[PDB]
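Colleague: The structure's right below; bear with me while I get my questions together.
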Amino acid sequence: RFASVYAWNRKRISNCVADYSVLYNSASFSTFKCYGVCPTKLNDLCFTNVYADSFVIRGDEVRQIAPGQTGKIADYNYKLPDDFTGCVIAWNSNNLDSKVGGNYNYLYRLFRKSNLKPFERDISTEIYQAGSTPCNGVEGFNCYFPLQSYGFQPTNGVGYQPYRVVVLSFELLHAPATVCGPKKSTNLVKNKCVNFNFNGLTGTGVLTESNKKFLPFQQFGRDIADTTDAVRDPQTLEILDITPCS
Amino acid sequence: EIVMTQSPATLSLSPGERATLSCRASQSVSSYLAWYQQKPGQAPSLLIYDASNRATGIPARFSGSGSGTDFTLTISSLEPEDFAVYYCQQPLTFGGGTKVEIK
Amino acid sequence: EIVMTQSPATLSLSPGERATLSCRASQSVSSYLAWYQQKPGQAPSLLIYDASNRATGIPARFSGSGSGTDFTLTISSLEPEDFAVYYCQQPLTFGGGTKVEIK
Amino acid sequence: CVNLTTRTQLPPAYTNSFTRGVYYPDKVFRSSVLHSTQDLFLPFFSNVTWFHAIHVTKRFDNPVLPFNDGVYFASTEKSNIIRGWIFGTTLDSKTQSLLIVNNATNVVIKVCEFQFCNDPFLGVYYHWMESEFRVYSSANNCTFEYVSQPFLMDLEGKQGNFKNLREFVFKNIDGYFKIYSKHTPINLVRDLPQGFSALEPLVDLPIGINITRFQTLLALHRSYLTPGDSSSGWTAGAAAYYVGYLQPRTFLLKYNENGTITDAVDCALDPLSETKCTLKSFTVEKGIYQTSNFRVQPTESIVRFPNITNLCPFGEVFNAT
Amino acid sequence: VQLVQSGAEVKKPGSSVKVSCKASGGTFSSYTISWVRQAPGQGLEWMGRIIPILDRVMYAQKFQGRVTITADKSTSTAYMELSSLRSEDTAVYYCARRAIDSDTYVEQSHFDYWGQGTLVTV
Amino acid sequence: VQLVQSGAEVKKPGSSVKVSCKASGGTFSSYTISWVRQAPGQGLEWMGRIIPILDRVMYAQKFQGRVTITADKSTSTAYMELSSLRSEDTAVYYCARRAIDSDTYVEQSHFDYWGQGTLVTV
Ligand SMILES: *[C@@H]1O[C@H](CO)[C@@H](O)[C@H](O)[C@H]1NC(C)=O
Ligand SMILES: *[C@@H]1O[C@H](CO)[C@@H](O)[C@H](O)[C@H]1NC(C)=O
Ligand SMILES: *[C@@H]1O[C@H](CO)[C@@H](O)[C@H](O)[C@H]1NC(C)=O
Ligand SMILES: *[C@@H]1O[C@H](CO)[C@@H](O)[C@H](O)[C@H]1NC(C)=O
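Residue numbers (PDB author numbering), protein chains in the order written: chain A, 346 to 591; chain L, 1 to 103; chain D, 1 to 103; chain E, 15 to 70, 76 to 146, 152 to 345; chain H, 2 to 52, 52A, 53 to 82, 82A to 82C, 83 to 100, 100A to 100H, 101 to 111; chain C, 2 to 52, 52A, 53 to 82, 82A to 82C, 83 to 100, 100A to 100H, 101 to 111.
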C-alpha cells in the first residue's frame, strides 16, 4: 500500500546501513533520478537521515516529482523545493494498483486555493468554490469536494497507468554517522601516512594518540584554521590527532 | 434550493409596446442567470447570459440588468414574434416564467 | 524443451487435511512457475506466481516454495472447494497435474 | 483534571540575566581559541521574567508562556518541584503536542494528540510519595515516544535555601527539539547568580512539530495536615523559575585549554563589547578603534506623482469583440 | 453543436425509461450536459447534470432516486434513466449544453444547443 | 480484463480452423497473448505466443506447421489458425494473457484472464 497523493508515508530511516543496492542499475525502475548527489556515489556518502516519501501517481505526472517543478501534483499535492538533496525513484504498478473496473482508492487534490509548501501534506476535505456563489456545503453547481479519484485501470494508456514513486529526501551527515552505505571496518593504524574515512572527514594524514580531553558529546575537533585537529575513533573512542604527511 | 418568482404571470401588450419582465430570487444567485424565450410546445432559446448580456444572434432590443436577487429584462419594443414565455434560469432551477401575449 | 513431472498423480484427502503438491522439472526454470486450479471441464485459474507468491484474490492457506527444479505447494487445510487438479506452468510448457480428490 | 484555587494574584517580577544563557553552539572540540559565532542566545543583561511557586499570599503561577524563537529556562529549587514542560501550538488534542515529564521514576518524552488539562499538575503526598498526575485526559495518535531507565527521585520536603540550579535552552530547528542544560550547586534565596557557564547539549529530538507556546509543570504538595479538597487542599513547596527569550546575536566565545567555554562577549551589548568583537580579543589596549558605521534612516515616504486622472484602456484591448 | 436525442415512448408504470444524447467531436471533455424536464404546456425543471470530464453528477433534490445520469467516453454520449415511471410523470425532456466550461474548471452559468426533447408517457 | 473468444465448430479433416480473441483497451501493446490447447478431460499444452508489441511469435515444437498466430493492431485481436485438422486433434483451446509485460521488455512469467476455450472437432 502506497498513499494517493494527498498524504504520503514519510517514514524516517536512521541508525542503519543504507545499502542502496545500486538500485539505479536494477532496471526495475523507469525513473531513478538524483539531484544533489551522484547516483553512483550513494554507497560512499553518509546522511544524518533519509526520509522516504511514498505515494501513487499517473505516468504522465512522473516528471512533476522533481524540485522546482510546477503542475497539478507539483503545486497542489506533493511539492519539492528548488534546493533539494535526494533521489526520485518510480516504477509501473499495473498488477497492484489497477483494477478491472478501475481502482478508485487513489485520489488527488484537484481543487485548491493556493500552492502547497515543500514537503507539507494537504490532507484537506474543505469544499472549494470555483465560482462567485458561496456554495456553502452544497458541493455542486460551482463547488467541489476537493479530492478527485483516478481511473487506475489495466488497459488504460501508459500515461494513465499508476506508478509508484518514492522520494528519498536526504539530510547530509552533520551528525555522528546515522545512515551510511555498506562500509567495512578496518583495523586502526597509528603513525605512518594513512588515507582515512571514519564517518566522513575523509583525508590523509598520520594518526597518533591525542592528549586532548573531549567533552563526551563532541566526537570531532578543529584548529584555528578550521581544519580537522583530531577525531574520536567511532569505536572504543580513543582520541587521535591528525598530522599532515611530510 | 434556490427558488424564483416571476412577474407578471402574464404580460398583455400591443405590438410595438415596451415590455418589462421581472425575476425575483429567494436568495442570491450573484449574476448566474440566463433568460430564455419559449414558443408553445418548445424548449425556450437563449436570449441573455450572466443575468444581463445579450446572447450572440440576439437583436439589440433585448438586454437586462440586476444583481443578487433582483433581475429584469427590457425589450425596448416588443414585436409580434417576441410574444414568447420568458424564463429566468437560476444555477440549478428555473422560475415560473412570464407568458407574453398580444393584447 | 522443458518437461515437468508432478506427484502424486492423484491426491486422496479428507476435507480439512493438509495437502502437499510436488512439481519436478527436467532442467532449471529458475523461479518461472505458476500454479493453477482446474475444475473438471475448465481451464485452471491462477493461484501462485513466480513459483511461490500468492496471487491476488487467493486465500492465505495457499503458498509455495522451491527453486531451479524442485517446487511445491502447501495448502494448509484443503477445503471441499479446493479439490481441484493442480498444475505447474513452466515457461513454455505445463506439467501433468495432480488430481486432488475427496477421500 | 482539577482547576486549583486559593492562590493569590500578584504581578511577575523581573530579573537581570547577567551573563547566563550561553551554550555550546556546536559539537566540534576547540581549544585555547576565541571563536566568533552567530546563533540564538539569551542576550546579556536581558529582562527575564521571574515566576514563583512558594506557599508564603500563595504562589504557584504556572502560566502559559510564548515560546517565540526558543527559550531560556532556569530554575532554583531544593526538592524536585519543577518537573516538566508542555510544548505546542494549541494543546487541545487537535494537533501533535510535546510532553516532557520528569516523573519520580521515569523520564517520559511523548508527542501525541494530547488533550491537556487547563491547569495541569503533578503531585506528592506526605504522611513523601507521588499521588498525582493530572496533565492530560487524552494522548492519542502518538508519533514519538521515549522513556528513560527507572530511577529513584528524592521527594523529601527539604528545608534551607535553594541548592540546585538547573538551566536549560529549548530550541526548535528544522523539526528538531534541541535541549541543552547545566546543573550547578547554589546557595540562593531570590535571583540567578551573577556567573558564567555554558550549557552542554543533552538531546536532539527528531519530532517535526510547530511550537509557539509552552507551559511548565510543577508538583504540588499535599499532606495529612492539609484539607483533602482536590482544588483547595494543597500547598506549594518553595521553588522559583525564570524565563527569558533567545534572540539572534553574535558572540565571541572563549575556549580554554581542554575546550571549555569560560567566557563570552555579547557583540551587541555596548560599544566596548563591539570593540572587543571587532578585534577578536577580551582585552583592548588604549586607542581608537572603528566599530561599524552610522546611518540616518528615512522617517517618511513621499511620492508626488503627476495628477493623471486618465485610466489606461486595457479594458478596450481586452474584452474586445 | 448538436445533441442527438432518442425518440418518444410509452411504458407501463415502474418500467425504467432510458434515453441518450449523442454528439460528435470533443464534447465529452469540453462541455457539461444537463437534463431538464418539460411537462407539455409547462415551464422547465432541472433534473441533474453530468460533468463527464470529472466523472461527477449532481441532482435536483426532487429528482433524487428517480433520476440516474451517466456518460460514455467513446463518442460522447450522455445517458439518463428515469426510474419509477408513473403516469403522473408525463413529460417532454431534453439535454442541454453548459457552454461555459474548461479543463481548468472555469465554471458554468447558462446553456445553449438545447435538444428540445422527447415525450415519455404511460 | 477480457479476451472475447470465438464459438465452437466442427470441420472436415484438412480444413483450417481459425478463431480469434478480441479485447478492448490498449492491450495490443500492453500484454502478450498465448494460445493453449486443452483436450477435453485433459491438462494443458502450450501452442504458441504472440508478442504483438514486437511483431514476434514463438511456437511449441510439437505445434510447428500446425499452428499459425497473428494479431490485428486495430482493436487488439489475437488470431490463430490450426492447419491440418485431424479428428485425433479434438480439443478445447483458448487464449491467455501474459500479465507481466512492458514496453521495456521486463519479461513474462505467469498468466491470468484465461478465456476458457472453444471446442473444435470433426
Ligand atoms: C476549568 O475552568 C474552565 C473555564 O475557564 C472550564 O472550561 C474547565 O472545564 C474547568 N476544568 C476543571 C477541571 O474544573
Ligand atoms: C526591565 O528592566 C528594568 C531594570 O533595568 C526593570 O526595572 C523593569 O521592571 C523591567 N521590565 C520588564 C517588563 O521586564
Ligand atoms: C585541563 O585538564 C587537566 C587534567 O590533568 C587539569 O589539571 C587542568 O586544570 C585542566 N585545565 C583547565 C583550564 O580546566
Ligand atoms: C473583462 O472581463 C473580466 C473577467 O475576466 C471582468 O472582471 C472585467 O470587469 C471585464 N472588463 C470590461 C471592461 O468589461
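Ideal placement from N, C-alpha and C gives every residue a C-beta, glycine not left out.
Is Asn53/L near ligand 4, with its Cβ less than 7 Å from a heavy atom?
Modeller: Within the second sequence, residue 53/L is the residue found at index 53, counting from 1. Taken from the Cβ of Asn53/L, every heavy atom of ligand 4 lies 7 Å or farther away.
Colleague: Whole angstroms are fine: how far does the CA of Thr33/H sit from the CA of residue 1/H?
Modeller: Since the first and last residues shown for chain H are 2 and 111, residue 1/H lies out of range.
Colleague: Among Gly16/D, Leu92/D, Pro91/D, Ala84/D, whose alpha-carbon lies nearest the alpha-carbon of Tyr36/D?
Modeller: Position 36 of the third sequence, counted from the start, is the residue given in the question as residue 36/D. Minimum Cα distance to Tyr36/D is reached at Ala84/D.
Colleague: Taking 8 Å as the threshold, find out whether the region 48-61 of chain L comes into contact with the region 563-582 of chain A through three or more Cβ pairs.
Modeller: They do not touch, by the three-pair rule.
Colleague: In this structure, does DSSP put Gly15/H in helix, strand or coil?
Modeller: For this step, residue 15/H is matched to residue 14 along the fifth sequence. It is coil, neither helix nor strand.
Colleague: Could you tell me the boundaries of the beta strand (DSSP E) in which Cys432/A lies?
Modeller: The sequence position of residue 432/A within the first sequence is 87, counting from 1. Note, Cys432/A: beta strand (DSSP E), 431-437.
Colleague: In angstroms, rounded to a whole number, what distance separates the CA positions of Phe429/A and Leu513/A?
Modeller: Here residue 429/A corresponds to residue number 84 of the first sequence, with the count starting at 1. Here residue 513/A corresponds to residue number 168 of the first sequence, with the count starting at 1. Going from the Cα of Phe429/A to the Cα of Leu513/A covers about 10 Å.
Colleague: Heavy atom of ligand 2 less than 7 Å from the Cβ of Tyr265/E, yes or no?
Modeller: Here residue 265/E corresponds to residue number 241 of the fourth sequence, with the count starting at 1. No, ligand 2 has no heavy atom inside 7 Å of this Cβ.
Colleague: For ligand 3, I want to know if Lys558/A counts as a neighbour, meaning its beta carbon is within less than 7 Å of at least one of the ligand's heavy atoms.
Modeller: To locate residue 558/A, count along the first sequence from 1; it is residue 213. Under cutoff, so the answer is yes.
Colleague: Quick check: the Cα distance between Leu82C/H and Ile2/L, rounded to an integer number of angstroms?
Modeller: To locate residue 82C/H, count along the fifth sequence from 1; it is residue 85. To locate residue 2/L, count along the second sequence from 1; it is residue 2. Each residue's Cα considered, the two are about 26 Å apart.
Colleague: Give every residue whose Cβ lies closer than 7 Å to any heavy atom of ligand 4, listed in chain order.
Modeller: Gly339/E, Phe342/E, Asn343/E
Colleague: Any heavy atom of ligand 2 closer than 7 Å to the Cβ of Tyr28/E?
Modeller: In the fourth sequence, the residue the question calls residue 28/E occupies position 14. Flag set: Cβ of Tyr28/E near ligand 2.
Colleague: From the DSSP output, in three-state form, read off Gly283/E for me.
Modeller: Indexing the fourth sequence from 1 puts residue 283/E at position 259. Helix, per DSSP.
Colleague: Going by the CB atoms, is the gap between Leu176/E and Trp152/E shorter than 8 Å?
Modeller: As a position in the fourth sequence, residue 152/E is number 128, starting the count at 1. As a position in the fourth sequence, residue 176/E is number 152, starting the count at 1. Result no, Cβ atoms of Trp152/E and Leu176/E do not sit closer than 8 Å.
Colleague: Could you spell out where the beta strand (DSSP E) holding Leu296/E opens and where it closes?
Modeller: For the purposes of this step, residue 296/E is taken as the residue at position 272 of the fourth sequence. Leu296/E -> not in any beta strand (DSSP E); alpha helix (DSSP H) instead, spanning 295-302.
Colleague: To the nearest angstrom, how far is the alpha carbon of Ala71/C from that of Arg18/D?
Modeller: Numbered from 1 along the sixth sequence, position 71 holds the residue referred to as residue 71/C. Numbered from 1 along the third sequence, position 18 holds the residue referred to as residue 18/D. Roughly 44 Å between the two C-alpha positions.
Colleague: Short of 7 Å in beta carbon distance, which residues of its chain neighbour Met58/C, apart from the five on each side in sequence? Order them along the chain.
Modeller: For the purposes of this step, residue 58/C is taken as the residue at position 58 of the sixth sequence. Cβ neighbours of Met58/C beyond the five flanking positions: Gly49, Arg50.
Colleague: Comparing the CB of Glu224/E with every heavy atom of ligand 3, is any distance shorter than 7 Å?
Modeller: Within the fourth sequence, numbered from 1, the residue matching residue 224/E stands at position 200. Flag unset: Cβ of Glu224/E not near ligand 3.
Colleague: Check each residue of the region 213-235 of chain E: if its Cβ is closer than 7 Å to any Cβ of chain A, include it; give the result in chain order.
Modeller: Against chain A - using a Cβ distance shorter than 7 Å - the residues of the region 213-235 of chain E are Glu224, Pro225, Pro230.
Colleague: State yes or no: is the beta carbon of residue 316/A nearer than 8 Å to at least one beta carbon in chain C?
Modeller: Examination of residue 316/A is not possible in this model, given that chain A is present from 346 through 591 alone.
Colleague: Identify the continuous alpha helix (DSSP H) that holds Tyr421/A and give its terminal residues.
Modeller: Looking up residue 421/A in the first sequence gives position 76. DSSP places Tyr421/A in the uninterrupted alpha helix (DSSP H) bounded by 417-421.
Colleague: For a test of the three-state rule: what should DSSP assign to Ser12/D, helix, strand or coil?
Modeller: By 1-based counting over the third sequence, the position of residue 12/D is 12. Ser12/D: strand per DSSP, three-state reduction.
Colleague: Closest by CA to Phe497/A, which one among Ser443/A, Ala348/A, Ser591/A, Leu461/A?
Modeller: What you label residue 497/A is simply residue 152 of the first sequence in a count that begins at 1. With distances taken between Cα atoms, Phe497/A lies closest to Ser443/A.
Colleague: Using a Cβ cut-off of 8 Å, which residues of the region 554-575 of chain A contact any Cβ in chain E, in chain order?
Modeller: When CB distances to chain E are screened at a threshold of 8 Å, the residues of the region 554-575 of chain A falling below it are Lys557, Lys558, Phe559, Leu560, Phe562, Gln563, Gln564, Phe565, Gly566, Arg567, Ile569, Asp574, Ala575, in chain order.
Colleague: Taking buried to mean at least 16 other C-beta atoms within 10 Å of its own C-beta, is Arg214/E buried or exposed?
Modeller: Indexing the fourth sequence from 1 puts residue 214/E at position 190. Result: exposed.
Colleague: Taking only three categories from DSSP, how would you classify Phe29/H?
Modeller: Taking the first residue of the fifth sequence as 1, we reach residue 29/H at position 28. Helix at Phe29/H.
Colleague: Taking the runs of the beta strand (DSSP E) that are 3 residues or longer, which of them lie wholly in the region 371-409 of chain A?
Modeller: 376-379, 391-403
Colleague: Report the neighbours of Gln493/A on chain H: residues whose CB is nearer than 9 Å to its CB, in chain order.
Modeller: Taking the first residue of the first sequence as position 1, residue 493/A is located at position 148. Per Cβ cutoff of 9 Å: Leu54, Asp55, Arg56.
Colleague: Can you check the region 428-504 of chain A for any beta strand (DSSP E) of at least 3 residues that lies completely inside it and give the ranges in chain order?
Modeller: 431-437, 452-454, 492-494
Colleague: Do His69/E and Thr259/E come within 8 Å of each other at the CB atom, strictly closer than that value?
Modeller: Here residue 259/E refers to the residue found at position 235 of the fourth sequence. Here residue 69/E refers to the residue found at position 55 of the fourth sequence. Yes, the pair counts as a contact, with Cβ atoms nearer than the cut-off.
Colleague: Looking only at DSSP bridge pairs, what is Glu224/E linked to?
Modeller: As a working mapping, residue 224/E is identified with position 200 in the fourth sequence. The partner list for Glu224/E (beta bridge, DSSP) reads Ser205/E.
Colleague: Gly64/L lies in the beta strand (DSSP E); which residues open and close that run?
Modeller: As a working note, residue 64/L is residue 64 in the second sequence. That run of the beta strand (DSSP E) goes 62-67.
Colleague: For chain H, find out if any of its Cβ atoms is closer than 8 Å to the Cβ of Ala25/L; answer yes or no.
Modeller: Locating residue 25/L in the second sequence gives position 25, where the first residue counts as 1. No, no contact with chain H.
Colleague: Closest to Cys88/L by CA distance: which of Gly16/L, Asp50/L, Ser14/L, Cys23/L is it?
Modeller: For the purposes of this step, residue 88/L is taken as the residue at position 88 of the second sequence. Measuring from the Cα of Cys88/L, the nearest candidate turns out to be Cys23/L.
Colleague: State the start and end residues of the unbroken alpha helix (DSSP H) segment that holds residue 151/E.
Modeller: One cannot assign coordinates to residue 151/E, given that chain E in this structure leaps from 146 to 152.
Colleague: Can you say whether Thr98/L is buried or exposed, counting buried as having 16 or more other CB atoms within 10 angstroms of its CB?
Modeller: Your numbering for residue 98/L matches position 98 in the second sequence. It is buried - the Cβ of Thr98/L has at least 16 other Cβ atoms within 10 Å.
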